[PDB]
Amino acid sequence: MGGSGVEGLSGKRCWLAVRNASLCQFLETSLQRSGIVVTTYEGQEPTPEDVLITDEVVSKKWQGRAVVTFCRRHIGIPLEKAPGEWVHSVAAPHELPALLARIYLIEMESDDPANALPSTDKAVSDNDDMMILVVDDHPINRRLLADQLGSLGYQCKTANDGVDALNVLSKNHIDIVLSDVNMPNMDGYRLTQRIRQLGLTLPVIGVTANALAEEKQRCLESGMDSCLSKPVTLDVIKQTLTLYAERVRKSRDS
């Protein structure tokens, strides 16, 4: 009924423009070990959710999630000094593929990257790290509200599953969980019950298509907090996110 369709991380794309077949094949196979689709980048468009892994000095900017520049001889592109750039002259040992899995936060393969050499002392300053998780039953809408979230400028995790939402709270710290439902392809009672039962600590926003049955069930479960319509607007999504950001600011303080 409805249509059993799951996405989540399985379907996340990674574009590769590596003429070095040795490096290209190595990286591409390692990423496809989970649910990542590596695609040959020739003249495609840059998505803010996608990463471009190229070989040698590139002449592009890639207005996306991140770009990885494996250096073979000559440089020209900066590095992590840019908003999503990573340079390293290597032949795909195991560190940068691991970095990709880290940036996506799949962590399905326990390789134990550690570090081959302390090349540079990296200062770890974290504080502005608000991670919002969006679980949508409809992939295209999932990317749509995720785009809105990315337009605000915060951590956006694109998911699709009922149990994996709760599982995500157990995996890492998401502050606000958005549950977007357009199609009743799956019973949602288990979702609210299990999420609060196993350890709900954060506010949940239930966004549903037509709050006819939603109001009744979500009140009975009382495992969300806020509720809105599937066709959410930029302003509405902005105010709700901002209010919640300041709300947790109250509880956690500085």
# chains A, B, ... in the order shown; residues from 1 in each chain; ligands from 1
call {"tool": "residues_around", "arguments": {"residues": "residue 158 (chain A)", "least_positions_apart": "4", "cutoff": "7 Å", "atoms": "only C-alpha atoms", "output": "list in words"}}
result
residues 8, 133, 134, 135, 142 and 146 of chain A
call {"tool": "closest_atom_pairs", "arguments": {"of": "region 67-164 of chain A", "to": "region 16-26 of chain A", "cutoff": "10 Å", "atoms": "only C-alpha atoms", "output": "JSON lines"}}
result
{"residue": "A:67", "atom": "CA", "partner": "A:16", "partner_atom": "CA", "distance": 9.7}
{"residue": "A:68", "atom": "CA", "partner": "A:16", "partner_atom": "CA", "distance": 9.2}
{"residue": "A:69", "atom": "CA", "partner": "A:18", "partner_atom": "CA", "distance": 9.4}
{"residue": "A:70", "atom": "CA", "partner": "A:18", "partner_atom": "CA", "distance": 8.7}
{"residue": "A:72", "atom": "CA", "partner": "A:20", "partner_atom": "CA", "distance": 9.1}
{"residue": "A:90", "atom": "CA", "partner": "A:23", "partner_atom": "CA", "distance": 8.8}
{"residue": "A:91", "atom": "CA", "partner": "A:23", "partner_atom": "CA", "distance": 5.8}
{"residue": "A:92", "atom": "CA", "partner": "A:23", "partner_atom": "CA", "distance": 5.7}
{"residue": "A:93", "atom": "CA", "partner": "A:26", "partner_atom": "CA", "distance": 8.9}
{"residue": "A:94", "atom": "CA", "partner": "A:26", "partner_atom": "CA", "distance": 9.4}
{"residue": "A:97", "atom": "CA", "partner": "A:26", "partner_atom": "CA", "distance": 9.0}
call {"tool": "closest_residue", "arguments": {"among": "A:170, A:185, A:193, A:208", "to": "residue 141 (chain A)", "atoms": "only C-alpha atoms"}}
result
A:208
call {"tool": "residues_around", "arguments": {"residues": "residue 110 (chain A)", "least_positions_apart": "3", "cutoff": "10 Å", "atoms": "only C-alpha atoms", "output": "JSON, numbers by chain"}}
result
{"A": [98, 107, 113]}
call {"tool": "atom_distance", "arguments": {"atom1": "CA of residue 81 (chain A)", "atom2": "CA of residue 254 (chain A)"}}
result
27.3 Å
call {"tool": "residues_around", "arguments": {"residues": "residue 4 (chain A)", "least_positions_apart": "3", "cutoff": "10 Å", "atoms": "only C-alpha atoms", "output": "ChimeraX atom specification"}}
result
/A:1,137,184-186
call {"tool": "write_last_selection", "arguments": {"atoms": "N, CA, C and O atoms", "output": "tab-separated table (two decimals), in the first residue's frame"}}
result
chain	number	residue	atom	x	y	z
A	1	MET	N	0.85	-1.21	0.00
A	1	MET	CA	0.00	0.00	0.00
A	1	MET	C	0.87	1.24	0.00
A	1	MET	O	1.87	1.31	0.72
A	137	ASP	N	9.26	11.05	3.06
A	137	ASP	CA	8.82	9.85	2.33
A	137	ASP	C	8.92	10.07	0.83
A	137	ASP	O	9.01	9.12	0.05
A	184	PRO	N	1.10	7.68	2.87
A	184	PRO	CA	1.03	6.68	3.93
A	184	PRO	C	1.48	5.30	3.45
A	184	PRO	O	0.68	4.35	3.39
A	185	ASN	N	2.75	5.19	3.09
A	185	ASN	CA	3.31	3.94	2.60
A	185	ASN	C	3.69	3.02	3.76
A	185	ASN	O	4.00	1.85	3.57
A	186	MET	N	3.65	3.57	4.97
A	186	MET	CA	4.08	2.84	6.15
A	186	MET	C	3.36	3.36	7.40
A	186	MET	O	3.10	4.56	7.51
call {"tool": "atom_distance", "arguments": {"atom1": "CA of residue 57 (chain A)", "atom2": "CA of residue 14 (chain A)"}}
result
18.7 Å
call {"tool": "select_by_dssp", "arguments": {"residues": "region 14-82 of chain A", "states": "strand (DSSP E)", "output": "number ranges by chain"}}
result
A: 14-17, 36-40, 51-55, 66-70
call {"tool": "write_last_selection", "arguments": {"atoms": "N, CA, C and O atoms", "output": "CSV table (one decimal), in the first residue's frame"}}
result
chain,number,residue,atom,x,y,z
A,14,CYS,N,28.1,10.9,-5.9
A,14,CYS,CA,29.5,11.4,-5.8
A,14,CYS,C,30.0,11.5,-7.3
A,14,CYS,O,30.1,10.5,-7.9
A,15,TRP,N,30.4,12.7,-7.7
A,15,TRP,CA,30.8,12.9,-9.1
A,15,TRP,C,32.3,12.8,-9.1
A,15,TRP,O,33.0,13.4,-8.3
A,16,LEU,N,32.9,12.1,-10.1
A,16,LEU,CA,34.3,11.9,-10.2
A,16,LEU,C,34.8,12.3,-11.6
A,16,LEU,O,34.3,11.8,-12.6
A,17,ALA,N,35.8,13.1,-11.6
A,17,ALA,CA,36.5,13.6,-12.8
A,17,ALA,C,37.9,13.2,-12.7
A,17,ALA,O,38.8,14.1,-12.6
A,36,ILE,N,26.5,4.6,-2.1
A,36,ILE,CA,26.9,5.8,-2.8
A,36,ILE,C,27.0,5.5,-4.3
A,36,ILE,O,27.7,4.6,-4.7
A,37,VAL,N,26.4,6.4,-5.1
A,37,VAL,CA,26.5,6.2,-6.6
A,37,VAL,C,27.6,7.2,-7.1
A,37,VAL,O,27.3,8.4,-7.2
A,38,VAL,N,28.7,6.6,-7.5
A,38,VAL,CA,29.8,7.4,-8.1
A,38,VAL,C,29.5,7.5,-9.6
A,38,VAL,O,29.3,6.5,-10.3
A,39,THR,N,29.5,8.7,-10.1
A,39,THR,CA,29.2,9.0,-11.5
A,39,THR,C,30.3,9.7,-12.2
A,39,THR,O,30.9,10.6,-11.7
A,40,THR,N,30.6,9.4,-13.5
A,40,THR,CA,31.6,10.0,-14.3
A,40,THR,C,31.2,11.4,-14.6
A,40,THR,O,30.2,11.7,-15.3
A,51,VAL,N,29.5,16.0,-4.2
A,51,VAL,CA,31.0,16.3,-4.1
A,51,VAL,C,31.7,15.9,-5.4
A,51,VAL,O,31.4,14.8,-6.0
A,52,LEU,N,32.6,16.7,-5.8
A,52,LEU,CA,33.4,16.5,-7.1
A,52,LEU,C,34.8,16.1,-6.7
A,52,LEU,O,35.6,16.9,-6.2
A,53,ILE,N,35.1,14.8,-7.0
A,53,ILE,CA,36.5,14.4,-6.8
A,53,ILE,C,37.2,14.3,-8.2
A,53,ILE,O,36.9,13.5,-9.0
A,54,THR,N,38.2,15.2,-8.3
A,54,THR,CA,38.9,15.3,-9.6
A,54,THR,C,40.4,15.0,-9.4
A,54,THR,O,40.9,15.0,-8.2
A,55,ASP,N,41.1,14.8,-10.5
A,55,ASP,CA,42.6,14.6,-10.4
A,55,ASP,C,43.3,15.8,-11.0
A,55,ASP,O,42.9,16.3,-12.0
A,66,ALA,N,31.2,19.8,-1.6
A,66,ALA,CA,32.6,19.8,-1.5
A,66,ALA,C,33.3,19.3,-2.7
A,66,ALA,O,32.7,18.7,-3.6
A,67,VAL,N,34.6,19.6,-2.9
A,67,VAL,CA,35.4,19.2,-4.0
A,67,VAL,C,36.7,18.6,-3.4
A,67,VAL,O,37.3,19.2,-2.5
A,68,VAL,N,37.2,17.5,-4.0
A,68,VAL,CA,38.4,16.9,-3.6
A,68,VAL,C,39.4,16.9,-4.7
A,68,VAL,O,39.1,16.3,-5.8
A,69,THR,N,40.6,17.5,-4.5
A,69,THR,CA,41.6,17.6,-5.5
A,69,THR,C,42.8,16.7,-5.2
A,69,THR,O,43.7,17.1,-4.4
A,70,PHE,N,42.8,15.5,-5.8
A,70,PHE,CA,44.0,14.6,-5.6
A,70,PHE,C,45.1,15.1,-6.5
A,70,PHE,O,44.9,15.2,-7.7
call {"tool": "select_by_dssp", "arguments": {"residues": "region 104-245 of chain A", "states": "alpha helix (DSSP H)", "output": "ChimeraX atom specification"}}
result
/A:104,139-152,163-171,189-199,214-221,234-245
call {"tool": "closest_residue", "arguments": {"among": "A:243, A:209, A:121, A:216", "to": "residue 228 (chain A)", "atoms": "only C-alpha atoms"}}
result
A:209
call {"tool": "residues_around", "arguments": {"residues": "residue 213 (chain A)", "least_positions_apart": "5", "cutoff": "12 Å", "atoms": "only C-alpha atoms", "output": "PDB file with N, CA and C atoms, in the first residue's frame"}}
result
ATOM      1  N   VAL A 181       5.712  13.681   5.827  1.00  0.00           N
ATOM      2  CA  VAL A 181       4.938  12.577   5.283  1.00  0.00           C
ATOM      3  C   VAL A 181       3.897  13.073   4.287  1.00  0.00           C
ATOM      4  N   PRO A 184       1.101   7.679   2.874  1.00  0.00           N
ATOM      5  CA  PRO A 184       1.029   6.675   3.934  1.00  0.00           C
ATOM      6  C   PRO A 184       1.477   5.298   3.448  1.00  0.00           C
ATOM      7  N   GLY A 188       2.832   4.769  10.964  1.00  0.00           N
ATOM      8  CA  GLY A 188       3.684   5.717  11.654  1.00  0.00           C
ATOM      9  C   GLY A 188       3.571   5.651  13.164  1.00  0.00           C
ATOM     10  N   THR A 208       3.052  17.269   7.554  1.00  0.00           N
ATOM     11  CA  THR A 208       2.207  16.287   6.910  1.00  0.00           C
ATOM     12  C   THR A 208       1.333  16.912   5.829  1.00  0.00           C
ATOM     13  N   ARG A 218      -0.943  12.342  16.242  1.00  0.00           N
ATOM     14  CA  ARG A 218       0.241  13.005  16.781  1.00  0.00           C
ATOM     15  C   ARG A 218      -0.012  13.514  18.200  1.00  0.00           C
ATOM     16  N   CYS A 219      -1.267  13.811  18.515  1.00  0.00           N
ATOM     17  CA  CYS A 219      -1.632  14.209  19.870  1.00  0.00           C
ATOM     18  C   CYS A 219      -1.633  12.999  20.796  1.00  0.00           C
ATOM     19  N   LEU A 220      -2.126  11.875  20.285  1.00  0.00           N
ATOM     20  CA  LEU A 220      -2.186  10.636  21.051  1.00  0.00           C
ATOM     21  C   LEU A 220      -0.780  10.143  21.385  1.00  0.00           C
TER      22      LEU A 220
END
call {"tool": "atom_distance", "arguments": {"atom1": "CA of residue 174 (chain A)", "atom2": "CA of residue 108 (chain A)"}}
result
18.5 Å
call {"tool": "closest_residue", "arguments": {"among": "A:58, A:202, A:168, A:217", "to": "residue 187 (chain A)", "atoms": "only C-alpha atoms"}}
result
A:217
